[PDB]
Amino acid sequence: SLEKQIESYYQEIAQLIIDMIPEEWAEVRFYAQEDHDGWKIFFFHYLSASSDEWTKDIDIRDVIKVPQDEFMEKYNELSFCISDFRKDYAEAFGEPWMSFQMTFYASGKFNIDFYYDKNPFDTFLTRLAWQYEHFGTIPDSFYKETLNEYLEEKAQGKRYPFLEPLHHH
């Protein structure tokens, strides 16, 4: 079924991410983006089982045990899998996704949603904005100022659902 084919892409992507993660994890959230011209942003964060803290993909290289080239191999594999999936999805659906967000849990539960908007922000600010939406993080004065570029767009009523998560006073 089409549903089983999506589960297989999710499984393949999740396994490459799991291969990069150097410790027991509780939850992973993955953001991927590719436009018609091949411009790409992708990154994951994972919740460490031992510390119960969210950890960025880019921070794994500070604690890495395997040769860096082994991690980069998996990184390249994940990048190709994003693009290969986009192409097959476009052939089947008639148009590509522009981005997707995936969440998966230690339980084996997962969520995937697809979006079709252009993202005006670069890699660095996209991650700051994604973190802000997903975790409320408000982050260093230079980083804070950069996050403000996103916050000032939001303040004018602009919204970027592709990087947002899914009555007391």
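All residue numbers are counted from 1 along the displayed sequence.
Novice: Note how many residues of the deposited chain are left out of the model between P67 and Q68; the options are none, 1 to 3, 4 to 9, and 10 or more.
Specialist: Unmodelled stretch: none, continuous chain.
Novice: Quick check on the record: how many residues from the deposited sequence are absent from the model between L166 and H167 (none, 1 to 3, 4 to 9, 10 or more)?
Specialist: Unmodelled stretch: 4 to 9 residues.
Novice: Just say lowest, middle or highest third for the CA B-factor of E24 relative to the other modelled residues in its chain.
Specialist: Middle third.
Novice: In terms of the CA temperature factor given in the entry, to which third of its chain does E34 belong: lowest, middle or highest?
Specialist: It belongs to the lowest third of the chain when residues are ordered by C-alpha B-factor.
Novice: Check where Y116 lands among this chain's C-alpha B-factors and tell me if it's the lowest, middle or highest third.
Specialist: As the PDB entry reports it, the C-alpha B-factor of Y116 lands in the middle third of its chain.
Novice: Among the modelled residues of its chain, does the C-alpha B-factor of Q11 lie in the lowest, middle or highest third?
Specialist: For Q11, the deposited C-alpha B-factor lands in the highest third.
Novice: Against its chain's modelled residues, does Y132's Cα B factor rank lowest, middle or highest third?
Specialist: It falls in the middle third of the chain.
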